[PDB]
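Below is one structure; the comments refer to it alone.
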Amino acid sequence: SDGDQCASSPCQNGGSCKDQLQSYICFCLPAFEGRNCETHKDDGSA
């Protein structure tokens, strides 16, 4: 481990938190956005 990234589950939008060395990876729906899933992108456009 390298730093407290996935300690208190920073992933939001009910996403899964996985430690990927140093940083982390949140598993959120394809309609969310943001490093910690703090945005809901539902426009599409292009």
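Residue numbering restarts at 1 for every chain of the structure tokens, chains are lettered A, B, ... in their displayed order, and ligands are numbered from 1 as they appear.
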
Spatial neighbours of residue 19 in chain A, max dist 8 Å, only C-alpha atoms, sep filter under 6 positions, as a CSV table (one decimal) with N, CA and C atoms, in the first residue's frame:
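What follows is the written file selection_34.csv:
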chain,number,residue,atom,x,y,z
A,1,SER,N,0.9,-1.2,0.0
A,1,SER,CA,0.0,0.0,0.0
A,1,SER,C,0.9,1.3,0.0
A,5,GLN,N,-5.6,5.9,0.4
A,5,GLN,CA,-6.5,6.3,-0.7
A,5,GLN,C,-7.8,5.6,-0.5
A,6,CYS,N,-7.8,4.3,-0.5
A,6,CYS,CA,-9.1,3.5,-0.3
A,6,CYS,C,-9.3,3.2,1.1
A,25,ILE,N,-8.9,3.3,-7.7
A,25,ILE,CA,-9.8,3.2,-8.8
A,25,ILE,C,-11.3,3.0,-8.4

(request) Pick out the residues sitting within 12 Å of residue 43 in chain A, and hand them over as a ChimeraX atom specification; count only C-alpha atoms, and ignore anything fewer than 5 positions along from it in its own chain. (result) /A:30-33

Find the residues near range 36-40 of chain A: any atom within 8 Å, counting only C-alpha atoms, skip ones fewer than 3 places away on the same chain, and give them as an mmCIF file with C-alpha atoms, in the first residue's frame.
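Everything below was put into out.cif:
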data_model
loop_
_atom_site.group_PDB
_atom_site.id
_atom_site.type_symbol
_atom_site.label_atom_id
_atom_site.label_comp_id
_atom_site.auth_asym_id
_atom_site.auth_seq_id
_atom_site.Cartn_x
_atom_site.Cartn_y
_atom_site.Cartn_z
ATOM 1 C CA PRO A 10 -13.743 7.772 -1.195
ATOM 2 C CA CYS A 11 -15.641 6.358 -4.224
ATOM 3 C CA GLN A 12 -19.143 7.914 -4.376
ATOM 4 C CA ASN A 13 -22.312 7.128 -6.406
ATOM 5 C CA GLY A 15 -19.047 2.750 -6.708
ATOM 6 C CA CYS A 26 -13.596 3.769 -8.241
ATOM 7 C CA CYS A 28 -19.092 3.762 -10.868
ATOM 8 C CA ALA A 31 -23.162 7.983 -16.354
ATOM 9 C CA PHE A 32 -21.003 9.355 -13.475
ATOM 10 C CA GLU A 33 -17.840 11.502 -13.607
#

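Ranking A:29, A:16, A:4, A:9 by their shortest atom-to-atom distance to residue 41 in chain A, with only C-alpha atoms included, puts A:29 first.
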
(message) According to DSSP computed on the backbone, where in chain A is there strand (DSSP E or B)? Give the residues as a list in words.
(response) residues 16, 17, 18, 19, 24, 25, 26, 27, 32, 33, 39 and 40 of chain A
